Amino acid sequence: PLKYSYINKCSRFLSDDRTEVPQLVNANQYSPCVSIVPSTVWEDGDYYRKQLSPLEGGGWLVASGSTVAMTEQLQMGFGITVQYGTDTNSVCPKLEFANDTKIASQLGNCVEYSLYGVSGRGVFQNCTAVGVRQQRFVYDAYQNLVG
Amino acid sequence: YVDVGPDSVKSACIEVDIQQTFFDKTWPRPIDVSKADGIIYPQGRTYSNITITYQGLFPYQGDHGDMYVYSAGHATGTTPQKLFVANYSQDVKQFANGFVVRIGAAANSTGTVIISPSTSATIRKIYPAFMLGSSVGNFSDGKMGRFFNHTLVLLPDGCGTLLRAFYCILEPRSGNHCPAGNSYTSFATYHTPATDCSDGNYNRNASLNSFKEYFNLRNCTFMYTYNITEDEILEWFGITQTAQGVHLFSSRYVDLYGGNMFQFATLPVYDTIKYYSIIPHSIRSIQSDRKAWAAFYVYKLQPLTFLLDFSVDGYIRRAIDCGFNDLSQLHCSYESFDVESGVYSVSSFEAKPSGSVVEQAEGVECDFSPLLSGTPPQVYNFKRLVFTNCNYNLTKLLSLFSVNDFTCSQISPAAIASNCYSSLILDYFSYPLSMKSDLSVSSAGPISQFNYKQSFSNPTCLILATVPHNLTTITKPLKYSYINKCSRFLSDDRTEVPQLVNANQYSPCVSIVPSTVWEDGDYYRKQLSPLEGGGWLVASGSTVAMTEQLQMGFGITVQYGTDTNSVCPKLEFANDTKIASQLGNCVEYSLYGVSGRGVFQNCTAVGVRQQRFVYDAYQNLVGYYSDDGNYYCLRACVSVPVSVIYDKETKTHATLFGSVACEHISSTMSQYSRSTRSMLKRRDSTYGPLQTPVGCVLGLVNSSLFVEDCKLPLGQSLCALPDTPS
Amino acid sequence: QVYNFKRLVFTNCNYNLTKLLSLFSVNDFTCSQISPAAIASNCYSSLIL
Ligand SMILES: *[C@@H]1O[C@H](CO)[C@@H](O[C@@H]2O[C@H](CO)[C@@H](O)[C@H](O)[C@H]2NC(C)=O)[C@H](O)[C@H]1NC(C)=O
Ligand SMILES: *[C@@H]1O[C@H](CO)[C@@H](O[C@@H]2O[C@H](CO)[C@@H](O)[C@H](O)[C@H]2NC(C)=O)[C@H](O)[C@H]1NC(C)=O
Ligand SMILES: *[C@@H]1O[C@H](CO)[C@@H](O[C@@H]2O[C@H](CO)[C@@H](O)[C@H](O)[C@H]2NC(C)=O)[C@H](O)[C@H]1NC(C)=O
Ligand SMILES: *[C@@H]1O[C@H](CO)[C@@H](O)[C@H](O)[C@H]1NC(C)=O
Ligand SMILES: *[C@@H]1O[C@H](CO)[C@@H](O)[C@H](O)[C@H]1NC(C)=O
Ligand SMILES: *[C@@H]1O[C@H](CO)[C@@H](O)[C@H](O)[C@H]1NC(C)=O
Ligand SMILES: *[C@@H]1O[C@H](CO)[C@@H](O)[C@H](O)[C@H]1NC(C)=O
Ligand SMILES: *[C@@H]1O[C@H](CO)[C@@H](O)[C@H](O)[C@H]1NC(C)=O
Ligand SMILES: *[C@@H]1O[C@H](CO)[C@@H](O)[C@H](O)[C@H]1NC(C)=O
Ligand SMILES: *[C@@H]1O[C@H](CO)[C@@H](O)[C@H](O)[C@H]1NC(C)=O
Ligand SMILES: *[C@@H]1O[C@H](CO)[C@@H](O)[C@H](O)[C@H]1NC(C)=O
């Protein structure tokens, strides 16, 4: 980027032009003020305003931003999060299964396991097939895997 | 970007006539929660026949939904004419934690054409279209629902066997009857069955192209398609949004028969949805070829708790909305669909609150002129202003400076501005912003070690700010200065006693330190008096360069009280229209900034007079003196206890309101308990309330029978008989 | 820019994040509710960056 930049203001002016209320960003979501802010901030302290319609509840959207000088090598940041699902846990590290043994039946002992990233320890048995298909995991009222 | 295919052959569109009065119908469809209608299956797990409670987004049991019906447009004779559609294009709704819909439930039945209802045509399922996005606004003709940026588009295309979805930018068209044209009425889409959906060649692009005739796609970033096959059976569908993106659900893929939702698909879009609307559509079919279509419905979702009856086959078959009734509350508490017969307690009524009155005031604007001129103090020299009896508007003060640091411990900053107090105290000082890293109310920096501290017994706030170029009556210190040490030497010349500053007090070392520190690292000493046991006062300090604009800080604390609360925000009492002496049964109130709710009564005037309020041994307000010379007593307000008689043998119930008596009873309650009490009304809509010696009851019937044991005694001699066995 | 975020999500897939990490020089790596090593070895319904 020409300069690194960010929004340092995002609030709505009350229609009576005195009172004002801030609009803090929602976790994991874009702030609403992005609708008026330019893709980069052209100059430090740049600001913009939008009149708001009675459909919008009135007032003026107000926003501003600030900048930081560019560098010879780009500097970057990342955010990383993960989500644990139940039958959707298909994201994994590449498998190390090569040069091992056939799985998973042993029957056998109550062997440690992971299925689609769901860890546990236990023994398996030939069973019927209660409800319901394609949910993969089955649980009791006590939050213990049943099968 | 996405290969949506070619732009429309013309910018022109078919004219749209609004025929909405033809479409007004009353065909409500309340949710059969007992049938698990509209239930979304839990994510990723399944169960045996055990019943478990669960929490998630769900429809309300009593919701009748919103109804929309698609219909044929105008055609006459053997050919198509102009569209005749509903005004649904104007129905913008806020997104509200998703929704679910009912599609085709009226299949294999007959109804009417609606636009030409005399035909009495048989009805068949038709699939809905929608648009979602973060903003809406006026069309250049002032029409409702124009959209901004990119929006979700969901449309069946041609026959229902194909479903499409997109994320793209719409563009208005200047053709006649189109959004940038000035002949525009309202947007609509259409299908033309005469050639569309040929049996050997279904027209997969039919609906998209009619959409394209009113808008030009730009920047399409996503597209999806899905495979569907025809089946007139009812299907459920819905939408939710999470930080993982939008999710789509349907009953068709897994539980076509039972209707349980499953997550059929997901979407990559992470833009938050703020608005939702239904896309209007019409059939271009020939006037003798018209076909009526089955009704379509929509239902809102909310994060409600439900009992769920899983089938041994893993389908949810029954569910209980816990908040639907007091009866439902009982089932949820016992985690079952069969509570043992008995009398049971249920939650009480809130007793019907009403609008506020206040007895605050009075006073004059708090003079804040000491801050408007001269040089502010060094960190150990603080100025203080005590404010009592006066009115304020702190935002007026905020306009005078640029604030570079705002923080408030133990109180929101909005509240401290709006709160009324026994006192308001402001400390103010010069402060370079180079030192702002060392200052917070909890900071370990030398500024707080030796120059200033605040008590935490009272809520506090802090402000750092600088002077605007038009505030030059305020002036700069030669240098900013601070004490970076304060201790006293012991008289024996081997040890030293540190002296951290006390909260809300000047450091003792100020008595020797100069009004400014002449040089960085300067130190000073004074011999201690013999009354102090001798030894030497010691202090040292440091400086910071002067800056182009003066930099300053503020400390704010407030003091709580009752009849001493004469410091308040400026107030306006117009159109209350009355305050104390106006009753009332439950009203909100504030007296001198003391909040509460209750009812007042004209009474005596126990002492001590003029002491403001009056309290019991448990610190609850008892009553209050007023400037009308009248003592008011306060009873707070009185809640109504509730209980329920339940007869599982006949599956019937009845209720008791306790000691409250039927004189405060009304057919509906604003007081309030649970969203409905209609289950009682199933018999009691037709009868008056009945007073009993214990209390007023509903649906009891005064039989005057004498029975030795009801197994449902109401206490005293009261006894509710079960109706006779089946 | 920080108000312009780009997001990647991953489902159904296999990874070796240390090979990804080799492409940049990291001067700050921290995490919460997970060790920085375990986030690479744990399996998930999604991975979000
Ligand atoms: C389902 O749960 C019930 C618990 O109530 C188990 O008990 C049987 O339920 C059926 C259906 O109500 C009755 O007809 C039987 O008489 C019940 N058995 C007994 C001993 O009371 C039932 O075993 C469970 N089913 C499965 C497949 O686990
Ligand atoms: C599922 O949908 C896809 C497209 O969304 C279908 O794919 C093509 O469908 C046309 C329609 O006649 C065929 O002529 C093509 O040969 C199909 N392409 C293929 C099979 O690669 C597909 O037919 C649908 N149904 C399925 C997979 O059962
Ligand atoms: C009316 O439509 C319903 C679906 O809306 C039909 O229900 C299906 O009918 C078939 C044919 O007998 C059954 O095998 C299925 O079990 C039914 N349910 C499905 C597919 O979910 C019903 O038969 C139709 N009735 C008439 C008279 O046409
Ligand atoms: C998004 O919408 C806002 C108004 O809703 C508009 O000002 C902004 O330019 C849009 N962003 C685009 C078109 O990239
Ligand atoms: C335009 O938007 C405003 C904002 O609420 C709305 O009240 C009005 O009905 C719309 N149409 C016209 C023609 O002003
Ligand atoms: C037990 O498992 C085998 C395979 O391990 C399977 O073929 C069989 O169907 C199962 N038993 C029953 C009763 O289904
Ligand atoms: C037509 O649109 C209006 C919105 O202006 C809506 O309130 C009304 O319910 C619609 N239907 C009618 C008048 O039948
Ligand atoms: C969208 O189209 C516009 C046309 O002006 C172009 O500037 C932009 O790069 C496109 N964005 C894509 C293809 O993501
Ligand atoms: C004079 O001053 C010091 C204490 O400040 C002490 O030496 C002496 O006792 C004082 N004189 C009298 C009479 O107290
Ligand atoms: C009611 O209050 C007024 C003063 O506001 C007083 O004159 C009057 O005696 C009071 N009445 C009773 C019954 O206490
Ligand atoms: C109910 O019936 C008894 C029987 O004598 C009668 O005395 C009483 O007045 C009736 N009504 C009420 C409200 O109890």
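At a glance:
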quantity	calculated
Positions within segment B:205-240 being over 22 Å from B:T266 (Cβ atoms) and either within 16 Å of ligand 8 (Cβ to nearest atom) or in contact with a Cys (Cβ under 8 Å, 6 or more places away or on another chain) (or both), in sequence order	B:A206, B:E213, B:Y214, B:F215, B:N216, B:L217, B:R218, B:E230
Filter result (in a loop (DSSP other than H, G, I, E, B) and either among the polar types (S, T, N, Q) or facing chain A (nearest Cβ under 9 Å) (or both)) within segment B:39-60	B:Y41, B:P42, B:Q43, B:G44, B:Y47, B:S48, B:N49, B:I50
Lone unmet requirement of (1) under 18 Å from A:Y84 (Cα atoms); (2) in a loop (DSSP other than H, G, I, E, B); (3) at the interface with chain A (Cβ under 9 Å from one of its Cβ atoms) for C:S35	(3)
Of all residues making up segment B:582-595, the number that are without any contact (Cβ under 8 Å) to a residue 40 or more places away in the chain and not hydrophobic (A, V, I, L, M, F, W, C)	1
Subset of segment B:233-255 that is within 14 Å of chain A (Cβ to nearest Cβ) and part of a loop (DSSP other than H, G, I, E, B) - its residue that is farthest from B:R204 (Cα to Cα)	B:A243
All positions within segment B:529-552 that are surrounded by fewer than 18 Cβ atoms within 10 Å (Cβ to Cβ) and of a type in the set (A, V, I, L, M)	B:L531, B:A545, B:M546
Hits in segment B:347-369 (condition: in a strand (DSSP E or B) and either surrounded by 18 or more Cβ atoms within 10 Å (Cβ to Cβ) or of a type outside the set (A, V, I, L, M) (or both))	B:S347, B:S348, B:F349, B:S354, B:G355, B:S356, B:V357, B:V358, B:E365
Subset of segment A:61-76 [surrounded by fewer than 16 Cβ atoms within 10 Å (Cβ to Cβ) and either more than 8 Å from chain C (Cβ to nearest Cβ) or in contact with a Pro (Cβ under 7 Å, 6 or more places away or on another chain) (or both)]	A:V68, A:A69, A:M70, A:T71, A:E72, A:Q73, A:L74, A:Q75
Selection from segment B:611-628 of residues that are under 14 Å from B:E359 (Cα atoms) and either under 34 Å from the mean Cα position of the chain (by Cα) or within 16 Å of ligand 10 (Cβ to nearest atom) (or both)	B:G623, B:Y624, B:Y625, B:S626, B:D627, B:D628
Hits in segment B:199-214 - residues which are in contact with a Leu (Cβ under 9 Å, 6 or more places away or on another chain) and within 15 Å of B:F130 (Cα to Cα)	B:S207, B:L208, B:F211
Single residue of segment B:4-28 satisfying the filter (more than 16 Å from ligand 2 (Cβ to nearest atom), among the β-branched types (V, I, T) and in a loop (DSSP other than H, G, I, E, B)) that is nearest to B:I114 (Cα to Cα)	B:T26
Any hit, segment B:262-275, residues being within 16 Å of ligand 7 (Cβ to nearest atom) and in contact (Cβ under 8 Å) with a residue 60 or more places away in the chain	yes
Verdict on B:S288 being within 30 Å of B:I115 (Cα to Cα) and surrounded by 16 or more Cβ atoms within 10 Å (Cβ to Cβ)	no
Search result, residues across segment A:122-140 that are part of a loop (DSSP other than H, G, I, E, B) and crowded, with 16+ Cβ neighbours inside 10 Å	A:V130, A:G131, A:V132, A:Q135, A:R136
Qualifying residue in segment B:452-459 (condition: among the aromatic types (F, W, Y), assigned to a loop (DSSP other than H, G, I, E, B), free of Cβ contacts under 8 Å to residues at least 60 places away in the same chain and out of contact with any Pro (no Cβ under 7 Å at 6 or more places or on another chain))	yes
Residue pairs meeting the criteria (Cβ under 6 Å; at least 6 apart or on separate chains; first free of Cβ contacts under 8 Å to residues at least 40 places away in the same chain, in segment B:195-211; second among the β-branched types (V, I, T))	B:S210/B:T189
Residue pairs meeting the criteria (Cβ under 6 Å; at least 6 apart or on separate chains; first surrounded by 10 or more Cβ atoms within 10 Å (Cβ to Cβ), in segment B:613-625; second part of a loop (DSSP other than H, G, I, E, B))	B:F613/B:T562; B:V622/B:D616
Yes/no for A:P1 being touching a strand residue (DSSP E or B) at 6+ places or on another chain (Cβ under 9 Å) and either free of Cβ contacts under 8 Å to residues at least 12 places away in the same chain or assigned to a loop (DSSP other than H, G, I, E, B) (or both)	no
Segment B:193-233: number of residues that are among the β-branched types (V, I, T) and under 22 Å from B:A292 (Cβ atoms)	3
Candidate set: segment A:22-60, residues that are farther than 22 Å from B:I273 by Cα and under 27 Å from the mean Cα position of the chain (by Cα); chosen: the one surrounded by the fewest Cβ atoms within 10 Å (Cβ to Cβ)	A:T40
Odd one out for A:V21 among (1) under 30 Å from B:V92 (Cβ atoms); (2) at the interface with chain C (Cβ under 7 Å from one of its Cβ atoms); (3) free of Cβ contacts under 8 Å to residues at least 40 places away in the same chain; (4) not charged (D, E, K, R)	(2)
Enumerated strands (runs of 3 or more DSSP E) restricted to segment B:506-581, each holding at least 2 residues that are away from ligand 8 (no atom under 16 Å from the Cβ) and in contact (Cβ under 8 Å) with a residue 60 or more places away in the chain	B:536-544, B:551-559
Exclusive hit being exposed (fewer than 14 other Cβ atoms within 10 Å of the Cβ) and either touching a residue at least 24 places away in the same chain (Cβ under 8 Å) or closer than 29 Å to B:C486 by Cα (or both), set B:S422, B:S412, B:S418, B:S440	B:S418
Any hit, segment B:370-377, residues being in contact with a helix residue (DSSP H, G or I) (Cβ under 7 Å, 6 or more places away or on another chain) and part of a helix (DSSP H, G or I)	no
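Every residue, every condition in (1) within 16 Å of ligand 4 (Cβ to nearest atom); (2) away from every other protein chain (no Cβ under 14 Å); (3) within 27 Å of A:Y30 (Cβ to Cβ), yes or no:
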site: B:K143; (1), (2), (3): no, no, no
site: B:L152; (1), (2), (3): yes, yes, yes
site: B:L170; (1), (2), (3): yes, yes, yes
site: B:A206; (1), (2), (3): no, yes, no
site: B:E213; (1), (2), (3): no, yes, no
site: B:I228; (1), (2), (3): no, yes, no
site: B:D231; (1), (2), (3): no, yes, no
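One line per residue, one yes/no per condition, for (1) within 14 Å of chain A (Cβ to nearest Cβ); (2) within 16 Å of ligand 5 (Cβ to nearest atom); (3) over 35 Å from the mean Cα position of the chain (by Cα):
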residue: B:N149; (1), (2), (3): yes, no, no
residue: B:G158; (1), (2), (3): no, no, yes
residue: B:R164; (1), (2), (3): no, no, no
residue: B:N182; (1), (2), (3): no, yes, yes
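Taken together, the values in this text are just the output of simple stated rules run on the coordinates, not laboratory data. Cβ atoms come from the backbone with ideal geometry, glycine included; neighbour counts cover every protein chain shown.
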